[PDB]
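Undergrad: For reference, the structure I am asking about is given below.
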Amino acid sequence: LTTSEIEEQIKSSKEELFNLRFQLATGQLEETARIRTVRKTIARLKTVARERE
RNA sequence: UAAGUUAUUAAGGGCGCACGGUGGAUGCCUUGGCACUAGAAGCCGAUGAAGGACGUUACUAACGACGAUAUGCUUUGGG
Numbered sequence: 026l027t028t029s030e031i032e033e034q035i036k037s038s039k040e041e042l043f044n045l046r047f048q049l050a051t052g053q054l055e056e057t058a059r060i061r062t063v064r065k066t067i068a069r070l071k072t073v074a075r076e077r078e
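Residues in the first sequence are numbered from 26 upward in steps of one, following the working numbering.
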């Protein structure tokens with residue numbers, strides 16, 4: 026859905042990535058494979074929203 | 001302790017030979033080039049061009065690829 030697609034990307038996958046990058050810099054964030062996995066999730070959400078228009 | 005005569009020494013050097021260094025010629029190689037044949041095909045840009053700067057990865061100087069959807073995203077067919 027138009028709104029659900031936006032809500033999931035804005036509050037989730039964005040603030041979630043903020044914590045990962047923040048946690049890593051402090052030196053207490055393992056599981057590095059979770060950043061790239063979330064980075065590309067936003068790319069797919071913005072691909073559907075742009076073509077659906 | 002007479003008259004006469006002729007040798008060794010090699011501080012160093014010369015010639016020959018043996019065995020080592022320095023140096024990168026020669027032989028054998030090719031990821032790179034040069035001269036051509038035939039068939040395409042001979043422009044891009046204000047709907048922002050040709051070339052550039054700065055950025056993008058789990059840590060990333062710099063080469064290639066990408067542009068805040070950043071070392072990639074979707075879909076349609078090959079494997």
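The beta-carbon is built from N, C-alpha and C at its ideal position, and this holds for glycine as well.
Grab me the residues of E33's own chain with a C-beta within less than 8 Å of its C-beta, minus the 5 sequence neighbours each way, in chain order.
TA: The residue given as residue 33 occupies position 8 in the first sequence. Cβ within range, chain order: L70.
Undergrad: When the Cα atoms are used, what is the spatial distance from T66 to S38?
TA: Mapped onto the first sequence, residue 66 falls at position 41. Mapped onto the first sequence, residue 38 falls at position 13. When the Cα atoms are used, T66 and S38 turn out to be separated by approximately 7 Å.
Undergrad: How about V73 and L42: do their beta carbons lie closer than 9 Å?
TA: The residue you call residue 73 lines up with position 48 of the first sequence. The residue you call residue 42 lines up with position 17 of the first sequence. Going by C-beta atoms, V73 is not nearer than 9 Å to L42.
Undergrad: Among the residues of its own chain, which have a CB less than 8 Å from the CB of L45, if the five just before and after it don't count?
TA: Working through the first sequence from its first residue, we reach residue 45 at position 20. Closer than 8 Å at Cβ, skipping near neighbours: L54, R59, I60, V63.
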